[PDB]
Amino acid sequence: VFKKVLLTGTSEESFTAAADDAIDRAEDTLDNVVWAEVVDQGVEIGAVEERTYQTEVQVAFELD
Amino acid sequence: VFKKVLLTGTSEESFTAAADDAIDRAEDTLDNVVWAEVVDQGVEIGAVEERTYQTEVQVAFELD
Amino acid sequence: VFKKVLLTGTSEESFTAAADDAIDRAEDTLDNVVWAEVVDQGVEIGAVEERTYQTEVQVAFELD
Amino acid sequence: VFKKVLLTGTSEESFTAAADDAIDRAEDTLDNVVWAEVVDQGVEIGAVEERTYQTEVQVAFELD
Amino acid sequence: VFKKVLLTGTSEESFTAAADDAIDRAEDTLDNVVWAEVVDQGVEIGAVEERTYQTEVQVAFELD
Amino acid sequence: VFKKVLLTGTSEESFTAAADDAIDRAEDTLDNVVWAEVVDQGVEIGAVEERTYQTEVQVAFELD
Amino acid sequence: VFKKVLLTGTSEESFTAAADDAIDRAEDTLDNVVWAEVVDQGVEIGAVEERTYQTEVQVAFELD
Amino acid sequence: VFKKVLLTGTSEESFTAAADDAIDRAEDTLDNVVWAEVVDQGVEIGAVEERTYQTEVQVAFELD
Amino acid sequence: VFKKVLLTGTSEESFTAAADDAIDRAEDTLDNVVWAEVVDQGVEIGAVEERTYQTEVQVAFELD
Amino acid sequence: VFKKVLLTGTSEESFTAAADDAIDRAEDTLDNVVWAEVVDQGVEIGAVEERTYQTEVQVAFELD
Amino acid sequence: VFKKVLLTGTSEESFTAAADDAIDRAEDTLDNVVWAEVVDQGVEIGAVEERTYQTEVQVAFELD
Amino acid sequence: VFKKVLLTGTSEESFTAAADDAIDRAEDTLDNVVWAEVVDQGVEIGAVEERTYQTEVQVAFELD
């Protein structure tokens, strides 16, 4: 059985690095993370100083 | 990193109050709840006595 | 077996009351209405005097 | 010909009143606003003091 | 309030049995599981020996 | 001209048999049923004793 | 209250004329047909002699 | 950079001519219109005398 | 078994004729073409002299 | 690099067996088929004698 | 009230830089740009010399 | 007439480079490749040693 958690990673560099930010968080706290699917991307502009790229991913991990 | 939980709030009054019901539950159990996105709305009719409005929301909270 | 009818309710007060308007019509004419799913919401402005909220719902009823 | 503008209204009371907030802005600045379609709804929580309901609408107005 | 978890069940027999695999896992670890919605179906071919049917479901459970 | 009715069939055995349940109902009451399209699948768990698979189909029938 | 029926019109000439075919059928049998929304278009090729354009529309009519 | 405006053209003849109606309006008022994408089609019936086909397009134009 | 190829037909006359343009190409090169589904429509404006209507279709053909 | 082909398998038994029918065809003619994603399911009724379940899948295969 | 404009940025380097290209244009001409949502990404190949990445974003700005 | 092939490119560096990987493969084997549309992005984690970014694109090429 896989389960997925819906995480939004952030980066001031790129949408790929914001996806990695989410995946890195998942691998800090979960075992057997196996793949991630991008579900949305956006950029925070007027709530930060430097633009911050955001990549939301469903990160799947195998249960047991 | 944000994470989102998918909750369905209920109310016998309105779709706004059913969204609040979900958000109130999230804020009971999670820190740093930051925003919620409505993903579906419906009304339970023939499983309750009074119609019950249901609002399903992805509720985002900031991790740490 | 459930069947669904696609109805748009209207209200000059709110999207919840426009959903009820549809559901009330379904319960006038159908037996065993069991739940309704909101599929679209909108507001008529320049075809009415007062804005009229519209909530389109699939209303499900159990057959027999 | 109709044209549509994509506006997000806000309210601390309800999703209907946040839709009205957008429509009121459109009618302040545009002639012949004729209808609005809800395209998304959400609630700002951790960027405000009181929750703020947001309703994004495409507001259509007739050209000429 | 309901909450949903996004699980992918697997089976070497059928998409129905892969949905049951997910639901069985949810009922092992959660109380008051109430319904599941299929969100995607697929078949793993070249990472297994026998084809493995996969059914991804949002499984809803009532909170408290 | 074809018309479609939106029916949810149920089965305690499989999603295929729940699709047949809907189609069988349509053919009980309609002439010239010609095809059905699956639009959603789900499983009722905590409102029944045995899990009940549900397959919602648009069932098309030719008019005249 | 509006209700919508999901009809597929056909024409050997064009997608507009197939939409009219559906609408004409609705106006034969329903009062107060008010608008139709195109939901899908396709062409039957290998089940007919001449290609037949098909336009599926939700046709809305006002109830009473 | 391209920008798009969301326009609904109308015609009493066809969905192609309603798309042209929108595009003609855009080219009256904008420079460097480069392409248009159809996003919805419908027919107004009970608000006009003759049916009026409507084609909504995102019309893209190159900025500068 | 059916297989589908994703083709965009073009016409300077209409979206129906652009769908035919794709289908004609498929029937030039494939046997047993059986139906086509429209998946997108658009108009090329600023890359041509006369507007060119484009209709993208999945064209299905029966294998063997 | 993976490439996907869009195939509709058929079966008179079940949607799982119709998915296998497509996959079996792909593995007859392609090397390194690695997974398949279900994209639509339906049932042919009034063009056959016995109902025929149809499962459309994107079947992915690794190139080289 | 927020309003959004639908812009396609371009870059010969990356999809992140094409999103920035759009956002930079919006900030040249609009005050209080607050966030951008990616809605589509693509690559122009046979209309340019070097591939050009394109990122279409809805860019939101706060009105007043 | 354009035709599109559905390819998933991979890269251990970025989603832009995974889109290029697909496009490079298409240009190895097809003439007149004209543009590509991103349809999905994901990251393989637990089937590789280093994360591998995947970008699925419909790559369009002009026929003749």
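We just call them A, B, C, D, E, F, G, H, I, J, K and L in the order they show up, numbering each chain from 1.
FYI, a residue touches a chain if its C-beta (ideal position, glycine included) is under 8 Å from a C-beta of that chain, and two chains touch if they have at least 3 such contacts.
Chain-to-protein mapping (UniProt): A, B, C, D, E, F, G, H, I, J, K, L = Dodecin.
Enquirer: Looking at the contacts, which chains touch subunit I (Dodecin) and subunit L (Dodecin) alike?
Expert: Neighbours common to subunit I (Dodecin) and subunit L (Dodecin) are J.
Enquirer: Under the over-half criterion for shared residue numbers, do copies subunit H (Dodecin) and subunit I (Dodecin) use the same patch or different patches to meet?
Expert: Answer different: the two copies use largely distinct residue numbers here.
Enquirer: Taking I-L as the reference interface, identify its repeat among H-I, G-H or F-G, namely the pair sharing over half of the contact pairs by residue number.
Expert: F-G
Enquirer: Out of F-G and G-H, which chain pair has the most contact pairs?
Expert: G-H
Enquirer: Provide the C-alpha centroid distance between subunit F (Dodecin) and subunit L (Dodecin), rounded to the nearest whole angstrom.
Expert: 38
Enquirer: Counting in whole Å, what is the centre-to-centre distance of subunit I (Dodecin) and subunit K (Dodecin), each centre being its mean C-alpha position?
Expert: 30
Enquirer: Round to the nearest whole Å and give the separation of the Cα centres of subunit C (Dodecin) and subunit L (Dodecin).
Expert: Going by mean C-alpha positions, subunit C (Dodecin) sits 44 Å from subunit L (Dodecin).
Enquirer: Among the residues of subunit K (Dodecin), pick out those that touch two or more other chains and give their numbers.
Expert: Residues 6, 14-16, 47 of subunit K (Dodecin) each touch two or more of the other chains.
Enquirer: Under the stated contact criterion, what part of subunit C (Dodecin) meets subunit D (Dodecin) in this complex?
Expert: Listed in rising order, the residues are 13-16, 40-47, 51, 53.
Enquirer: Please output the residues of subunit F (Dodecin) touching subunit G (Dodecin) within their complex, sorted ascending.
Expert: 1-4, 6, 58, 60, 63
Enquirer: Please name which positions on subunit I (Dodecin) make contact with subunit L (Dodecin) in the complex.
Expert: My answer: residues 5-10, 21-22, 25.
Enquirer: For the complex, which residues does subunit K (Dodecin) have touching subunit A (Dodecin)?
Expert: 14-16, 19-20, 23, 27, 32-38, 57, 62
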